[PDB]
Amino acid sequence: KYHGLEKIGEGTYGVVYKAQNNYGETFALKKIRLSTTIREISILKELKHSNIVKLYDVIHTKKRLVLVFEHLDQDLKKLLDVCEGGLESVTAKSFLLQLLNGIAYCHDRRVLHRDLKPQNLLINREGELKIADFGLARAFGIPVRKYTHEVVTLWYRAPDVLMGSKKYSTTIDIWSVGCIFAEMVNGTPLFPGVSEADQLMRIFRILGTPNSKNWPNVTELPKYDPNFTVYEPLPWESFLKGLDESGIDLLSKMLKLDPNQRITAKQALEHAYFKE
């Protein structure tokens, strides 16, 4: 039994509330908006990691369903909102390293998250970051929910996906980490599109329009357009303020447009930018 519920968040498939149990301990309660829930729970049961939110139980009334989770005070979106255009370097490095550890573990366990964004990245007062919201995730090829345009935001979607690739891949999440990385350093989203078409153009405007030299077989993508406006790639220093050479190198390897060229979570953790 839980009480003193207070709305702290809202996604598409449920409302999240802060609540107390009968001993005064705080948890997060996700009321579902009524098999998709069973698939999400199976993922949460499988994944046990410092940087992934823990599920504690599931209460099934006939007219009510609630997932009980550990509670974190904040998410990254709120930290960025209050923040003066971007976090401090040491903090940004710390969140990225934790995000990378969490996602590397996910990928090792055959889980694609597919909806990483500041809102789904939870942070406590100790500066620990935990990945949440596996409602669009995919575990060894079986989706929690069918991946589509309409629900999910566009801002953190990879160019290949936007152009109609149904080629699943861990690559989808690496693209999102890169966008989130950029947003932590600048304080603002790198690619805030309001449609699929505008999202792609925003990506090309900064990183350059793909061609067959830098993205082999790009012409085969369902929504590749021969007549895309051609944009040259921008120098990384011109749209990222105050990121050192190593941080730019790592970032350039996450936001490769061609998914085959993107760095892996595992390789990223080994990059000179962190200790190693």
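Heads up: residue numbers just count along the shown sequence, starting at 1.
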(message) I'd like to know the size of any gap between residue 34 and residue 35, counted in deposited residues with no coordinates: none, 1 to 3, 4 to 9, or 10 or more.
(response) 4 to 9
(request) Using the B-factors recorded in the PDB entry, average over the C-alpha atoms of 240-248 and of 49-57, then report which stretch comes out higher. (result) 240-248
(message) So, looking at the entry's B-factor column for Cα atoms, which has the higher mean, 9-17 or 262-270?
(response) 9-17
(message) Highest recorded C-alpha temperature factor, please, choosing from 122, 82, 92, 158.
(response) 82
(request) Could you say which of 134, 191, 168, 105 has its CA atom at the highest B factor, as listed in the PDB entry? (result) 168
(message) Using only modelled residues of the chain, where does the Cα B factor of residue 196 rank: lowest third, middle third or highest third?
(response) highest
(request) Relative to the other modelled residues of the same chain, rank the CA B-factor of residue 128 and answer lowest, middle or highest third. (result) middle
(message) Ranking the modelled residues of this chain by C-alpha B-factor as given in the entry, is residue 146 in the lowest, middle or highest third?
(response) highest
(message) By the recorded C-alpha temperature factor, relative to the other modelled residues in its chain, which third is residue 175 in?
(response) lowest
(request) Name the third of the chain's ranked CA B-factors that contains residue 118, choosing lowest, middle or highest. (result) lowest
